Amino acid sequence: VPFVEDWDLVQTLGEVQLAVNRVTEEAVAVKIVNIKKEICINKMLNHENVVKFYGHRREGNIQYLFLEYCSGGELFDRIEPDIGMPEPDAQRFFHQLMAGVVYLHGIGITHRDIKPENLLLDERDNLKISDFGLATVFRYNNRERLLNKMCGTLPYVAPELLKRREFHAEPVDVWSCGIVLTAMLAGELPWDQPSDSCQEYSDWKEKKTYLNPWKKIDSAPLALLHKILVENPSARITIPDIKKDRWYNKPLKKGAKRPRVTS
Ligand SMILES: COc1cc(CCc2[nH]nc3c2Cc2ccccc2-3)ccc1O
């Protein structure tokens with residue numbers, strides 16, 4: 001079919017450009033630029049809560065990554081400052097985030113930079129994990145590798161990344177998911193970084209939940225956050241146990257509004 005390979009770049013999404021196919025009008029996100037590793041990790045991924053990788057093309061010194069377009073934009077833009085969002089919406093996004101993280105950890109990949117800027121939404125508000133530029137393999141041939149590199153974004157990083165030379169990959173991603181859950185439910189980040197020099201972090205370890213952001217969060221999701229934001233990564237809740245949590249399993253969210261008529 002002629003011209004089926006031509007795409008028009010119509011707007012800047014992030015560089016990342018929205019590309020529209022000249023024939024079919026199919027919309028895709030194109031990343032125009034570590035990049036070999038990002039492509040290699042992306043080629044391994046196939047999950048409904050992970051932004052799809054369609055392929056790559058190299059023209060000279062510029063690398064083009066063809067990726068799934070998520071028209072709902074960033075989760076970050078659904079969080080109202082100092083408010084958050086309705087608890088049933090945050091629960092549904094949290095369920096989708098856990099499905100994506102389970103998947104990645106199951107194939108031995110750690111994201112290392114989970115935050116609302118990197119969690120995108122499709123046309124039906126389905127959450128998709130994006131940006132695998134800091135991601136790495138932590139399990140290969142059923143042998144776990146401890147990590148040592150400083151990766152991430154300070155408000156979302158687990159305390160062991162700042163205190164220990166080596167650390168397990170999975171609890172780090174679990175921690176950042178708990179900071180994402182805090183932001184969704186309170187519209188604010190709890191600390192600049194998880195260090196004893198940070199008053200907000202010390203207040204949390206002293207269980208002062210009568211202070212913000214914790215005072216804005218209902219006791220059932222707050223009980224979950226008490227199990228995720230645990231300083232010792234060996235005592236921190238695992239994802240199979242998050243899936244058994246009371247709030248995680250609480251009925252809150254009605255399904256998508258379907259068309260209906262009366263009489
Ligand atoms: C799945 O892997 C990646 C995905 C993305 C981006 C994909 C993508 N798809 N759709 C969008 C974006 C960014 C963005 C930002 C804002 C609105 C929409 C969109 C970047 C690097 C990646 O490695």
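The basis for the numbers below is simple: all heavy atoms, side chains too, and nothing from hydrogens, waters or symmetry mates. The chain is numbered in sequence order, starting from 1. Whatever order the structure lists ligands and atoms in, that order sets their numbers, starting from 1.
Look at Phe53 and you'll find every heavy atom at least 4.0 Å from all atoms of ligand 1.
No salt bridge links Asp89 with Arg92; every basic N to acidic carboxylate O contact stays at or beyond 4.0 Å. One finds a salt bridge joining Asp125 and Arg78 here, because a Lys/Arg side-chain nitrogen approaches an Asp/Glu carboxylate oxygen to under 4.0 Å.
The ligand atoms of ligand 1 that sit less than 4.0 angstrom from a heavy atom of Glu38 are 21 (C), 22 (C), 23 (O). Atoms of ligand 1 found under 4.0 Å from any heavy atom of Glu68, numbered from 1 in the order shown, are 8 (C), 9 (N), 10 (N). Contact atoms of ligand 1 toward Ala29: 8 (C), 9 (N), 10 (N) (distance under 4.0 Å to a heavy atom of the residue).
Residue-level proximity to ligand 1 for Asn42 is carried by the side chain, the only part with a heavy atom below 4.0 angstrom. Counting heavy atoms closer than 4.0 Å to ligand 1, residue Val51 contributes atoms from both its backbone and its side chain.
The heavy atom nearest to atom 17 (C) of ligand 1, considering only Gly73, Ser130, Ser71, is found in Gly73. Considering only non-hydrogen atoms, atom 13 (C) of ligand 1 lies nearest to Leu120 out of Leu134, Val33, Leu120. Atom 3 (C) of ligand 1 has its nearest heavy-atom neighbour, among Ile35, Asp122, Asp131, in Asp131.
No side-chain heavy atom of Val30 sits under 4.5 Å from any side-chain heavy atom of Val16. Counting heavy atoms from C-beta outward, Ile114 and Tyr156 have side chains that stay 4.5 Å or more apart.
A side-chain donor-acceptor contact under 3.5 Å links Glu144 and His168. No side-chain donor from either of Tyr103 and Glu48 sits under 3.5 Å from a side-chain acceptor of the other. No side-chain donor from either of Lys115 and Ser176 sits under 3.5 Å from a side-chain acceptor of the other.
For ligand 1, the polar-atom distance check finds an N/O of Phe132 within less than 3.5 Å of one of the ligand's N/O atoms. Looking at ligand 1, you'll find an N or O of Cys70 within less than 3.5 Å of one of its N or O atoms.
Across every non-hydrogen atom of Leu185 and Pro221, the tightest pair is CD1-CB, 3.5 Å.
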